[PDB]
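A single chain, nothing else alongside it, follows as structure tokens in the form deposited without the ligand.
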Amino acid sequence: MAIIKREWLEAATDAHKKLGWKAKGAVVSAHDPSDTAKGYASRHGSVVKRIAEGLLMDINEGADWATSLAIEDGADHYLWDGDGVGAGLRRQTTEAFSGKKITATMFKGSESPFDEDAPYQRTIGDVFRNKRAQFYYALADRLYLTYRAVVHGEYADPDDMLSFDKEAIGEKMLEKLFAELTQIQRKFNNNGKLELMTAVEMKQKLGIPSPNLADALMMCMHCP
């Protein structure tokens, strides 16, 4: 039921070095303010460069922490989870980015998918229940393609892959991320759409704590 294989994550570690390409594109950062530990993720194009945990912070301290990291990382775009306790953080977030060319986007995972009437590559809306499922599968698809390139020698466009810059991220935090990603699970859906267990469900059913590093990385798959 899990959507991401550990072997893909191991392959994707330093995949850009293994395959000889460089990060190109926008810098995208995202923040998970927790249900009520926090998460932050940042990538430059297809290369993930920071995974950070935000400990012993209230909601406003967490947002200061995450927005400061976004500034430090040279973000072009910043997203944060607004489905729960984060729903009120827009003012603080825009204040943090005053005078800086950084866009701020509230991510709501429970929304219908982005661009849902577009064809699925029938429509995106037929395939994914919501944005949480859509962007976790964007992540899973990038990782699988990266695995096939790294381990099976199957060409893929770097723009469609994802590499973890291990030296930038740090081994400990990369391991924490990976331990969360392999816990993200599909759940039954009565309309035949892809849908994932929520944190609440993961906690109650399986005793799994909130995967906020994973969620932060998932949100940064959406470049607004």
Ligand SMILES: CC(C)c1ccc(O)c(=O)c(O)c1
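Residues carry their position along the shown sequence, with the first being 1. The term rigid core refers to the maximal set of C-alpha atoms that superpose within 1.5 Å between the two forms. Only residues modelled in both forms are compared.
message: I want to verify a possible break: how many residues of the deposited sequence sit between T36 and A37 without any coordinates (none, 1 to 3, 4 to 9, 10 or more)?
response: Gap between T36 and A37: 1 to 3 residues without coordinates.
- prompt: Between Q121 and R122, how many deposited residues lack coordinates (none, 1 to 3, 4 to 9, 10 or more)?
  reply: Missing in between: 10 or more residues.
- prompt: Between 43-51 and 174-182, which has the larger average Cα B-factor in the PDB entry?
  reply: Averaging CA B-factors over each stretch, the winner is 174-182.
Mean C-alpha temperature factor, higher of 195-203 and 62-70: Comparing 195-203 with 62-70, the higher mean C-alpha B-factor belongs to 195-203.
message: Just the C-alpha B-factor column, please: which of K100, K108, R142, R129 has the biggest number?
response: By C-alpha B-factor in the record, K100 ranks first.
message: Given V85, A75, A133, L79, identify the residue with the highest C-alpha B factor in the PDB entry.
response: Among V85, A75, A133, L79, the highest C-alpha B-factor in the entry belongs to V85.
field: Modelled-residue ranking by C-alpha temperature factor, third containing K166
entry: Ranked within chain, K166 CA B lands in the middle tercile.
field: Assigned third (lowest, middle, highest) for the C-alpha B factor of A30
entry: CA B-factor rank for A30: lowest third.
task: Please place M221 in the lowest, middle or highest third of its chain by C-alpha B factor as given in the entry.
output: For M221, the deposited C-alpha B-factor lands in the lowest third.
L9, C-alpha B-factor rank within chain (lowest, middle or highest third): Lowest third - that is where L9 ends up once the chain's C-alpha B-factors are sorted.
One more form of this protein should be noted, the form solved in complex with the ligand, which is absent from this view; the next part is about it.
query: Would you say all of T13, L19 and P158 touch the ligand in the deposited bound form, counting a heavy atom within 4.5 Å as a touch?
result: No.
message: I need the one stretch from 192-200, 66-74, 44-52, 162-170 whose residues put non-hydrogen atoms within 4.5 angstroms of the ligand in the deposited bound form.
response: Of the options, only 192-200 has residues within 4.5 Å of the partner.
Contacts with the ligand in the deposited bound form - residues in 25-45 whose heavy atoms fall within 4.5 Å: If the 4.5 Å heavy-atom criterion is applied to the ligand in the deposited bound form, 25-45 yields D32, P33.
field: Consecutive-residue runs (3+) with Cα displacement of 2 Å or more between this form and the one not shown, core aligned
entry: Residues 34-36 form the sole shifted run.
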